[PDB]
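Next up, my_file09.pdb (PDB, C-alpha atoms):
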ATOM      1  CA  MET I   1      43.399  39.158 -58.826  1.00  0.00           C
ATOM      2  CA  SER I   2      42.997  42.432 -56.810  1.00  0.00           C
ATOM      3  CA  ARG I   3      43.675  40.780 -53.358  1.00  0.00           C
ATOM      4  CA  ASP I   4      47.229  40.319 -51.939  1.00  0.00           C
ATOM      5  CA  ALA I   5      46.477  36.729 -50.730  1.00  0.00           C
ATOM      6  CA  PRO I   6      48.496  34.249 -52.937  1.00  0.00           C
ATOM      7  CA  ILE I   7      46.802  31.822 -55.411  1.00  0.00           C
ATOM      8  CA  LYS I   8      47.673  28.648 -53.448  1.00  0.00           C
ATOM      9  CA  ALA I   9      45.317  26.023 -54.957  1.00  0.00           C
ATOM     10  CA  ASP I  10      44.741  24.087 -51.684  1.00  0.00           C
ATOM     11  CA  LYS I  11      42.413  21.675 -53.659  1.00  0.00           C
ATOM     12  CA  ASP I  12      40.072  19.596 -51.435  1.00  0.00           C
ATOM     13  CA  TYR I  13      37.654  17.063 -53.151  1.00  0.00           C
ATOM     14  CA  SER I  14      36.587  20.083 -55.330  1.00  0.00           C
ATOM     15  CA  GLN I  15      39.845  19.289 -57.268  1.00  0.00           C
ATOM     16  CA  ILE I  16      37.645  16.975 -59.421  1.00  0.00           C
ATOM     17  CA  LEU I  17      35.424  19.900 -60.327  1.00  0.00           C
ATOM     18  CA  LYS I  18      38.619  21.984 -61.043  1.00  0.00           C
ATOM     19  CA  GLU I  19      40.003  19.302 -63.453  1.00  0.00           C
ATOM     20  CA  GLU I  20      36.713  18.203 -65.187  1.00  0.00           C
ATOM     21  CA  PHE I  21      35.617  21.844 -65.790  1.00  0.00           C
ATOM     22  CA  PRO I  22      38.496  22.334 -68.363  1.00  0.00           C
ATOM     23  CA  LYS I  23      37.411  19.044 -70.086  1.00  0.00           C
ATOM     24  CA  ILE I  24      33.903  20.642 -70.265  1.00  0.00           C
ATOM     25  CA  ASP I  25      35.273  24.063 -71.416  1.00  0.00           C
ATOM     26  CA  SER I  26      35.636  22.001 -74.642  1.00  0.00           C
ATOM     27  CA  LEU I  27      32.226  20.179 -74.348  1.00  0.00           C
ATOM     28  CA  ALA I  28      29.678  22.670 -72.838  1.00  0.00           C
ATOM     29  CA  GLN I  29      30.998  25.109 -75.519  1.00  0.00           C
ATOM     30  CA  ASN I  30      29.905  22.645 -78.323  1.00  0.00           C
ATOM     31  CA  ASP I  31      26.994  20.395 -77.073  1.00  0.00           C
ATOM     32  CA  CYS I  32      26.440  20.850 -73.250  1.00  0.00           C
ATOM     33  CA  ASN I  33      23.660  18.145 -73.155  1.00  0.00           C
ATOM     34  CA  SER I  34      26.564  15.654 -72.738  1.00  0.00           C
ATOM     35  CA  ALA I  35      28.325  18.140 -70.324  1.00  0.00           C
ATOM     36  CA  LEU I  36      25.377  17.791 -67.876  1.00  0.00           C
ATOM     37  CA  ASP I  37      26.062  14.009 -67.853  1.00  0.00           C
ATOM     38  CA  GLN I  38      29.594  14.963 -66.646  1.00  0.00           C
ATOM     39  CA  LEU I  39      29.392  17.945 -64.209  1.00  0.00           C
ATOM     40  CA  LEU I  40      26.220  16.842 -62.304  1.00  0.00           C
ATOM     41  CA  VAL I  41      27.426  13.191 -62.196  1.00  0.00           C
ATOM     42  CA  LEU I  42      30.067  14.672 -59.836  1.00  0.00           C
ATOM     43  CA  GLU I  43      27.300  16.109 -57.559  1.00  0.00           C
ATOM     44  CA  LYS I  44      25.591  12.657 -57.725  1.00  0.00           C
ATOM     45  CA  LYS I  45      28.860  10.889 -56.630  1.00  0.00           C
ATOM     46  CA  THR I  46      30.064  13.577 -54.102  1.00  0.00           C
ATOM     47  CA  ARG I  47      26.768  13.479 -52.072  1.00  0.00           C
ATOM     48  CA  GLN I  48      26.837   9.637 -51.931  1.00  0.00           C
ATOM     49  CA  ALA I  49      30.614   9.275 -51.238  1.00  0.00           C
ATOM     50  CA  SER I  50      30.570  11.909 -48.390  1.00  0.00           C
ATOM     51  CA  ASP I  51      33.096  13.884 -50.555  1.00  0.00           C
ATOM     52  CA  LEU I  52      30.391  16.663 -50.613  1.00  0.00           C
ATOM     53  CA  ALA I  53      32.794  19.540 -49.786  1.00  0.00           C
ATOM     54  CA  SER I  54      33.052  19.267 -53.639  1.00  0.00           C
ATOM     55  CA  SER I  55      29.185  18.881 -54.027  1.00  0.00           C
ATOM     56  CA  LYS I  56      28.813  22.308 -52.338  1.00  0.00           C
ATOM     57  CA  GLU I  57      30.465  23.938 -55.452  1.00  0.00           C
ATOM     58  CA  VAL I  58      28.618  21.807 -58.130  1.00  0.00           C
ATOM     59  CA  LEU I  59      25.188  22.392 -56.673  1.00  0.00           C
ATOM     60  CA  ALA I  60      25.261  26.190 -57.146  1.00  0.00           C
ATOM     61  CA  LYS I  61      25.641  25.520 -60.951  1.00  0.00           C
ATOM     62  CA  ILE I  62      23.246  22.550 -61.090  1.00  0.00           C
ATOM     63  CA  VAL I  63      20.669  25.220 -62.015  1.00  0.00           C
ATOM     64  CA  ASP I  64      22.930  26.417 -64.899  1.00  0.00           C
ATOM     65  CA  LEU I  65      23.131  22.948 -66.625  1.00  0.00           C
ATOM     66  CA  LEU I  66      20.292  20.731 -65.233  1.00  0.00           C
ATOM     67  CA  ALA I  67      17.435  23.333 -65.357  1.00  0.00           C
ATOM     68  CA  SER I  68      19.043  24.650 -68.616  1.00  0.00           C
ATOM     69  CA  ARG I  69      19.093  21.424 -70.781  1.00  0.00           C
ATOM     70  CA  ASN I  70      15.461  20.668 -69.783  1.00  0.00           C
ATOM     71  CA  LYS I  71      16.309  18.538 -66.662  1.00  0.00           C
ATOM     72  CA  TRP I  72      14.459  21.085 -64.448  1.00  0.00           C
ATOM     73  CA  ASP I  73      12.622  18.009 -62.999  1.00  0.00           C
ATOM     74  CA  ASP I  74      15.988  17.086 -61.329  1.00  0.00           C
ATOM     75  CA  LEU I  75      16.408  20.532 -59.624  1.00  0.00           C
ATOM     76  CA  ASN I  76      13.745  19.080 -57.255  1.00  0.00           C
ATOM     77  CA  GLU I  77      16.027  16.001 -56.995  1.00  0.00           C
ATOM     78  CA  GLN I  78      19.000  18.289 -56.107  1.00  0.00           C
ATOM     79  CA  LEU I  79      17.119  19.971 -53.230  1.00  0.00           C
ATOM     80  CA  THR I  80      16.299  16.338 -52.217  1.00  0.00           C
ATOM     81  CA  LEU I  81      19.964  14.983 -52.636  1.00  0.00           C
ATOM     82  CA  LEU I  82      21.460  16.321 -49.406  1.00  0.00           C
ATOM     83  CA  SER I  83      18.129  15.778 -47.528  1.00  0.00           C
ATOM     84  CA  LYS I  84      18.100  11.954 -48.335  1.00  0.00           C
ATOM     85  CA  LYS I  85      20.284  10.468 -45.523  1.00  0.00           C
ATOM     86  CA  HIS I  86      18.823  12.394 -42.503  1.00  0.00           C
ATOM     87  CA  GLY I  87      15.443  13.908 -41.421  1.00  0.00           C
ATOM     88  CA  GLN I  88      17.257  17.182 -40.468  1.00  0.00           C
ATOM     89  CA  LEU I  89      15.785  20.727 -40.225  1.00  0.00           C
ATOM     90  CA  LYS I  90      15.182  21.918 -43.844  1.00  0.00           C
ATOM     91  CA  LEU I  91      16.158  25.616 -43.149  1.00  0.00           C
ATOM     92  CA  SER I  92      19.868  24.513 -43.312  1.00  0.00           C
ATOM     93  CA  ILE I  93      19.415  23.205 -46.931  1.00  0.00           C
ATOM     94  CA  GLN I  94      16.662  25.752 -47.917  1.00  0.00           C
ATOM     95  CA  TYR I  95      19.786  27.752 -48.974  1.00  0.00           C
ATOM     96  CA  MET I  96      19.712  25.470 -52.135  1.00  0.00           C
ATOM     97  CA  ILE I  97      16.076  26.558 -52.859  1.00  0.00           C
ATOM     98  CA  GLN I  98      17.761  29.844 -53.952  1.00  0.00           C
ATOM     99  CA  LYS I  99      19.021  27.945 -57.088  1.00  0.00           C
ATOM    100  CA  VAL I 100      15.466  26.675 -57.738  1.00  0.00           C
ATOM    101  CA  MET I 101      14.634  30.427 -57.483  1.00  0.00           C
ATOM    102  CA  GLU I 102      17.723  31.395 -59.649  1.00  0.00           C
ATOM    103  CA  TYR I 103      17.265  29.878 -63.153  1.00  0.00           C
ATOM    104  CA  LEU I 104      14.845  26.927 -62.663  1.00  0.00           C
ATOM    105  CA  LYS I 105      12.593  29.950 -61.808  1.00  0.00           C
ATOM    106  CA  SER I 106      12.748  31.265 -65.414  1.00  0.00           C
ATOM    107  CA  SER I 107      14.680  28.734 -67.655  1.00  0.00           C
ATOM    108  CA  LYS I 108      14.029  29.940 -71.278  1.00  0.00           C
ATOM    109  CA  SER I 109      10.932  31.585 -69.667  1.00  0.00           C
ATOM    110  CA  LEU I 110       9.892  28.231 -68.006  1.00  0.00           C
ATOM    111  CA  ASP I 111       6.095  27.787 -68.041  1.00  0.00           C
ATOM    112  CA  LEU I 112       4.139  27.553 -64.752  1.00  0.00           C
ATOM    113  CA  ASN I 113       2.436  24.302 -65.794  1.00  0.00           C
ATOM    114  CA  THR I 114       5.892  22.718 -66.430  1.00  0.00           C
ATOM    115  CA  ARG I 115       7.645  24.279 -63.357  1.00  0.00           C
ATOM    116  CA  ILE I 116       4.763  23.113 -61.111  1.00  0.00           C
ATOM    117  CA  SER I 117       6.156  19.570 -61.689  1.00  0.00           C
ATOM    118  CA  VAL I 118       9.225  20.817 -59.697  1.00  0.00           C
ATOM    119  CA  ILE I 119       7.882  23.423 -57.288  1.00  0.00           C
ATOM    120  CA  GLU I 120       4.767  21.522 -56.144  1.00  0.00           C
ATOM    121  CA  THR I 121       6.601  18.177 -55.649  1.00  0.00           C
ATOM    122  CA  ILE I 122       9.497  19.859 -53.714  1.00  0.00           C
ATOM    123  CA  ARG I 123       6.797  21.793 -51.728  1.00  0.00           C
ATOM    124  CA  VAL I 124       5.708  18.408 -50.195  1.00  0.00           C
ATOM    125  CA  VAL I 125       9.197  17.870 -48.628  1.00  0.00           C
ATOM    126  CA  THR I 126       9.941  21.600 -47.794  1.00  0.00           C
ATOM    127  CA  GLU I 127       6.636  22.664 -46.115  1.00  0.00           C
ATOM    128  CA  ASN I 128       8.099  20.590 -43.191  1.00  0.00           C
ATOM    129  CA  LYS I 129       9.611  23.945 -41.904  1.00  0.00           C
ATOM    130  CA  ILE I 130       7.491  26.236 -44.253  1.00  0.00           C
ATOM    131  CA  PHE I 131       8.679  28.651 -47.026  1.00  0.00           C
ATOM    132  CA  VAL I 132       7.650  31.984 -45.326  1.00  0.00           C
ATOM    133  CA  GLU I 133       9.647  32.021 -42.046  1.00  0.00           C
ATOM    134  CA  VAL I 134      13.438  31.596 -41.546  1.00  0.00           C
ATOM    135  CA  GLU I 135      15.473  30.731 -38.401  1.00  0.00           C
ATOM    136  CA  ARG I 136      12.682  32.315 -36.216  1.00  0.00           C
TER     137      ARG I 136
END
Entire entry expressed as C-alpha cells:
Amino acid sequence: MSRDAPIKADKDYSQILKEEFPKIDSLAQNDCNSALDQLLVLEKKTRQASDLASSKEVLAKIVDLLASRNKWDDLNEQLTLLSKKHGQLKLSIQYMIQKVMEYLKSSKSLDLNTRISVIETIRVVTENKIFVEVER
C-alpha cells in the first residue's frame, strides 16, 4: 500500500464477501459456474436482509460472474434488485446501469439479439426517469 493510513479491517456486513472470496479463489479459478452460485447468492441475501452495505460491493462484480457465465439475463434482475421494495427515483440506482454497460455490454462479444433480452426488458423499468438526462 502507498498510503500512510493503516490497514484496519473495520469489516461491516461486507466481511462475508471478504471471507467467501478466498473460498472462491479456489473455485472461480477451477470452475466459476459454481462460484456464481456462491458470490451472487450473497447479493441476493444482502438486498433482502437489509445487510446491503455488503451488496454494494458484490453488485459491481455481478457483471464479472453473472453476465460472464451466461446469466446476462440476471444483470437485468440486478438493476431490478434494489428497485424492488420502493418506487424511488431511478437516477439514484442508474449508477448500477454502468455495470450493464461494463461487461454485460460485450460479454464474449455478446450479440444484440441476445442482449436485447436484457436491455429492452430493463428499458421498461428505467425509462421512468429516461436514459439521456441525469440529475437535471
Using all atoms listed in the file, which protein or nucleic acid residues come within 9 Å of residue I:69? Drop anything in the same chain fewer than 5 positions from it, and give the result as a PDB file with C-alpha atoms, keeping the file's coordinate frame.
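Result file part.pdb:
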ATOM      1  CA  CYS I  32      26.440  20.850 -73.250  1.00  0.00           C
ATOM      2  CA  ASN I  33      23.660  18.145 -73.155  1.00  0.00           C
ATOM      3  CA  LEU I  36      25.377  17.791 -67.876  1.00  0.00           C
ATOM      4  CA  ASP I  64      22.930  26.417 -64.899  1.00  0.00           C
TER       5      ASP I  64
END
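Distances from I:12, I:120, I:77, I:135 to residue I:51 were compared using all atoms listed in the file, and the smallest one belongs to I:12.
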For this session: Translate the PyMOL selection byres ((chain I and resi 129) around 12), as applied to the file shown, into an explicit residue set as a list in words.
Result: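 Applied to this file, the PyMOL selection byres ((chain I and resi 129) around 12) returns residues 87, 88, 89, 90, 91, 92, 93, 94, 123, 124, 125, 126, 127, 128, 130, 131, 132, 133, 134, 135 and 136 of chain I.
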Problem set entry | Residues matched by the PyMOL selection byres ((chain I and resi 104-110) around 12), written as a VMD selection string | chain I and resid 60 to 76 78 to 79 96 to 103 111 to 119
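Proximity to residue I:18 was assessed for I:39, I:80, I:5, I:52 counting all atoms listed in the file; the smallest distance is recorded for I:39.
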Seminar exercise, completed: Computed gap from atom CA of residue I:40 to atom CA of residue I:58 is 6.9 Å
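Interatomic distance, atom CA of residue I:20 against atom CA of residue I:85: 26.8 Å.
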Repaired coordinates for stretch 57-80 of chain I (N, CA and C atoms) as a CSV table (one decimal), keeping the file's coordinate frame:
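Saved the output as result_31.csv:
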chain,number,residue,atom,x,y,z
I,57,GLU,N,30.1,23.1,-54.3
I,57,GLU,CA,30.5,23.9,-55.5
I,57,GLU,C,29.7,23.6,-56.8
I,58,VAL,N,29.4,22.3,-57.0
I,58,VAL,CA,28.6,21.8,-58.1
I,58,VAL,C,27.2,22.3,-58.1
I,59,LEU,N,26.6,22.2,-56.9
I,59,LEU,CA,25.2,22.4,-56.7
I,59,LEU,C,24.7,23.8,-56.9
I,60,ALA,N,25.5,24.8,-56.8
I,60,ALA,CA,25.3,26.2,-57.1
I,60,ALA,C,25.2,26.4,-58.7
I,61,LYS,N,25.7,25.5,-59.5
I,61,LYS,CA,25.6,25.5,-61.0
I,61,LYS,C,24.8,24.4,-61.5
I,62,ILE,N,24.3,23.5,-60.7
I,62,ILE,CA,23.2,22.6,-61.1
I,62,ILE,C,22.1,23.2,-61.8
I,63,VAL,N,21.7,24.4,-61.4
I,63,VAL,CA,20.7,25.2,-62.0
I,63,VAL,C,21.1,25.9,-63.4
I,64,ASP,N,22.4,25.9,-63.7
I,64,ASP,CA,22.9,26.4,-64.9
I,64,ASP,C,23.1,25.4,-66.0
I,65,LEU,N,23.1,24.1,-65.7
I,65,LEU,CA,23.1,22.9,-66.6
I,65,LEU,C,21.8,22.1,-66.6
I,66,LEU,N,21.4,21.6,-65.4
I,66,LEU,CA,20.3,20.7,-65.2
I,66,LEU,C,19.0,21.4,-65.6
I,67,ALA,N,18.6,22.5,-64.9
I,67,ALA,CA,17.4,23.3,-65.4
I,67,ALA,C,17.5,23.9,-66.8
I,68,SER,N,18.8,24.1,-67.3
I,68,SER,CA,19.0,24.6,-68.6
I,68,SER,C,18.8,23.7,-69.8
I,69,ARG,N,19.2,22.4,-69.7
I,69,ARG,CA,19.1,21.4,-70.8
I,69,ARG,C,17.8,20.6,-70.7
I,70,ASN,N,16.8,21.2,-70.1
I,70,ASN,CA,15.5,20.7,-69.8
I,70,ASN,C,15.4,19.5,-68.8
I,71,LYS,N,16.3,19.4,-67.8
I,71,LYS,CA,16.3,18.5,-66.7
I,71,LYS,C,15.9,19.3,-65.4
I,72,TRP,N,15.1,20.3,-65.5
I,72,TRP,CA,14.5,21.1,-64.4
I,72,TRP,C,13.7,20.2,-63.4
I,73,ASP,N,13.2,19.0,-63.9
I,73,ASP,CA,12.6,18.0,-63.0
I,73,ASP,C,13.6,17.5,-61.9
I,74,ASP,N,14.9,17.5,-62.2
I,74,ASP,CA,16.0,17.1,-61.3
I,74,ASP,C,16.5,18.2,-60.4
I,75,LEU,N,16.1,19.5,-60.6
I,75,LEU,CA,16.4,20.5,-59.6
I,75,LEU,C,15.7,20.2,-58.3
I,76,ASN,N,14.5,19.7,-58.4
I,76,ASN,CA,13.7,19.1,-57.3
I,76,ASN,C,14.6,17.9,-56.6
I,77,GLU,N,15.1,17.1,-57.4
I,77,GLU,CA,16.0,16.0,-57.0
I,77,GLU,C,17.3,16.6,-56.3
I,78,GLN,N,17.8,17.7,-56.7
I,78,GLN,CA,19.0,18.3,-56.1
I,78,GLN,C,18.8,18.9,-54.7
I,79,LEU,N,17.6,19.5,-54.5
I,79,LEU,CA,17.1,20.0,-53.2
I,79,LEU,C,16.8,18.8,-52.3
I,80,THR,N,16.5,17.6,-52.9
I,80,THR,CA,16.3,16.3,-52.2
I,80,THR,C,17.6,15.6,-51.9
